Structures are given as C-alpha cells and as structure tokens.
Amino acid sequence: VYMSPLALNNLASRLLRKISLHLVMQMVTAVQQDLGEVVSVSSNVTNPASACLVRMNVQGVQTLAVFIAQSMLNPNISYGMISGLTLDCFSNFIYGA
Amino acid sequence: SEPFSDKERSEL
C-alpha cells in the first residue's frame, strides 16, 4: 500500500469513512452558567477567564475528537496544522493548558 | 434534557 499512491489513497479514504465517535456533552449553556459562577463574571468587566467562556463551542470538540481518532489509526495518512502558535502563546494559561 | 448526544463526523 505504501508503494503506490493510488493504493494508499484508498487506504486513507476508507480509514476515514469508518470513523465514528459517540460523545455526550452537557448543554453549552449550563456549562457557561456554571463556570460563570465559579469565577464570578462581572457582565461589565472583560477579563481572561470571562472571555474564553464564549469561544466555547461544540463543533470544536467534534472536529478535535475525530482528529484524535484518525491520528490514532494510521500515522502515515495525515497531519494536523496547529493554530495560533504565537511566540509567547504559553503565557496565555488557557491556550497553554 | 442536560445531555444532548452527538454522533461524530456529522455534517450538522
């Protein structure tokens, strides 16, 4: 398979078609409402903690998981391009963590 | 009503 493009393309094509994950998650809302309490979000103040609670979407988790999944089936079909690798990204604890 | 389940690789 690794000797012929065509052959490998089909391997990859099929490797992907098969992927199926079944996840259950809370309501996007309720999680906000909960951390919202844990941090004490002032609906007037803009602060790190507060801000991130909005870039919180479900679609992201989908994409992320599926990736984690394939990336685990065969290392030679695909690679990921990480976004936002600023010079000092690590000084943003959230992103960092 | 708390958990909404998702089948992934969905074209929502």
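Residues numbered from 1 in each chain as written, not as in the entry; some residues may be left out. Chains lettered and ligands numbered in written order. Part of a larger assembly, values for the part shown. Heavy atoms only, no water.

Its PDB header names X-ray crystallography as the technique used to obtain the model and reports a resolution of 3.5 Å.

(A) Quick look at the side chain of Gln 70 of chain A. Residues and elements named next belong to chain A. Along the chain, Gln 70 falls in helix α4 (residues 58-70). For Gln 70, a relative accessible area of 13% corresponds to the buried category. A polar side-chain atom of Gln 70 sits 3.0 Å from a polar atom in the side chain of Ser 78. The contact partners of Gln 70, leaving out residues within four places of it in the chain, are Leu 15, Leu 16, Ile 19 and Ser 78. (Helix = DSSP H or I, 4+ residues; strand = E, 2+ residues; numbered from the N terminus. Buried < 20%, exposed > 50% of the residue type's maximum accessible area, 1.4 Å probe, protein only. Polar contact = N/O pair within 3.5 Å; in protein donor to acceptor, adjacent residues only side chain to side chain. Contact = heavy atoms within 4.5 Å.)

(B) The arrangement of the state of the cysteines in detail. All names here are of chain A. Going through the model one piece at a time under the given rule, you end up with 0 disulfides over all chains. Not engaged in a disulfide, the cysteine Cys 52 finds its nearest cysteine sulfur in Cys 89; these two sulfurs lie 16 Å apart. Note on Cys 52: relative accessible area 22%, which makes it partly exposed. Given the relative accessible area of 9%, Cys 89 is considered buried. (Disulfide = S-S within 2.5 Å.)

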